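In the authors' numbering, the protein residues as written are 2 to 182. Heads up, the beta-carbon is just placed ideally off N, CA and C, and yes, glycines get one too.
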RNA sequence: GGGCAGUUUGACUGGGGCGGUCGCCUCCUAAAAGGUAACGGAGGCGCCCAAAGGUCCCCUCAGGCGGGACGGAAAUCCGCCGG
Ligand SMILES: [Mg+2]
Ligand SMILES: [Mg+2]
Ligand SMILES: [Mg+2]
Ligand SMILES: [Mg+2]
Ligand SMILES: [Mg+2]
Ligand SMILES: [Mg+2]
Ligand SMILES: [Mg+2]
Ligand SMILES: [Mg+2]
Ligand SMILES: [Mg+2]
Ligand SMILES: [Mg+2]
Ligand SMILES: [Mg+2]
Ligand SMILES: [Mg+2]
Ligand SMILES: [Mg+2]
Ligand SMILES: [Mg+2]
Ligand SMILES: [Mg+2]
Ligand SMILES: [Mg+2]
Ligand SMILES: [Mg+2]
Ligand SMILES: [Mg+2]
Ligand SMILES: [Mg+2]
Ligand SMILES: [Mg+2]
């Protein structure tokens, strides 16, 4: 379904807007999203995959994609780790799914967040990319209360083509990133 | 069943006994081929695997810095450097 609200926002408003502050000589120099990634540090449930099939299908609902497990590399008995028996979930959503996802998060997820106040602006890692954590996961649409057996939040990475994050700072605000400023 | 009989009771060893050692692999001694001794300096083997094998196909580390709900020097995710 190559169409949606935010998908347009970037073109018929946000694309030229960027050219206003930086004036790119070329049509591609103008930064774009192209990679949204999500990861859950469930080393907590690394014991039994029992409490894991759930957070997977839960994650799948809110993202549309079928998540992919991530094994342990090292081994640390300091907290029950060895080989690859452990666990973590990772899902790389791009294309349309990325937009239909970012619409929910910026227009539904964030606002219903317990005592929200604005995304931390410092979370820009030199190059144009943003990261942020969420203690809960029920702050998503298609998640009912009686469904969650345990509150397990996570964090999402978003990747732009922006070289410097100075530019990136702008591209996010223009899409709908409520920065704490 | 030492009353009695026939015997055995290793070698190396700055004398012998005591101690230590005895076969195999790696490194140094070894003097830029090979080989090379000392009771010279240092360490391992007496197994393991039906996947830890065959072939076809695909992927590339450790580490460092920055950013990230548990995490917290170190779990998993993203970015940059890294032969
Ligand atoms: Mg007898
Ligand atoms: Mg007798
Ligand atoms: Mg003498
Ligand atoms: Mg002697
Ligand atoms: Mg004597
Ligand atoms: Mg002796
Ligand atoms: Mg030994
Ligand atoms: Mg092997
Ligand atoms: Mg490759
Ligand atoms: Mg260090
Ligand atoms: Mg760091
Ligand atoms: Mg950090
Ligand atoms: Mg870090
Ligand atoms: Mg953190
Ligand atoms: Mg927790
Ligand atoms: Mg500590
Ligand atoms: Mg850290
Ligand atoms: Mg990385
Ligand atoms: Mg970077
Ligand atoms: Mg090399």
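Pull up the distance between the alpha-carbon of residue i and that of residue j, whole angstroms please.
i, j, result
"residue 181", "residue 123", "10 Å"
"residue 9", "residue 172", "14 Å"
"residue 149", "residue 74", "29 Å"
"residue 98", "residue 144", "18 Å"
"residue 125", "residue 147", "36 Å"
"residue 28", "residue 107", "26 Å"
"residue 12", "residue 47", "43 Å"
"residue 62", "residue 138", "11 Å"
In its own chain, which residues sit with a C-beta less than 6 Å from the C-beta of residue i, not counting the 5 before and 5 after it?
i, result
"residue 175", "15 and 18"
"residue 93", "38"
"residue 114", "140"
Hey, out of the options, whose CA is closest to residue i's CA?
i, options, result
"residue 162", "64, 179, 128 and 155", "128"
"residue 166", "5, 141, 3 and 23", "23"
"residue 109", "164, 160, 168 and 179", "179"
"residue 2", "96, 28, 48 and 141", "96"
"residue 132", "138, 115, 83 and 120", "120"
"residue 136", "64, 156 and 5", "156"
"residue 7", "86, 105, 40 and 81", "105"
"residue 33", "100, 111, 112 and 51", "100"
For the beta strand (DSSP E) that contains residue i, what are its first and last residues?
i, result
"residue 82", "Note, residue 82: premise wrong, no beta strand (DSSP E); not H, not E."
"residue 21", "First-last for residue 21: 16-23, but that is the alpha helix (DSSP H), not the beta strand (DSSP E)."
Could you name the residues of the same chain whose beta carbon sits closer than 7 Å to that of residue i, not counting the 5 residues immediately before and after it, in chain order?
i, result
"residue 57", "68 and 90"
"residue 43", "53, 56, 88, 89, 90 and 153"
Between which two residues does the alpha helix (DSSP H) carrying residue i extend?
i, result
"residue 57", "54-64"
"residue 99", "96-105"
"residue 168", "166-176"
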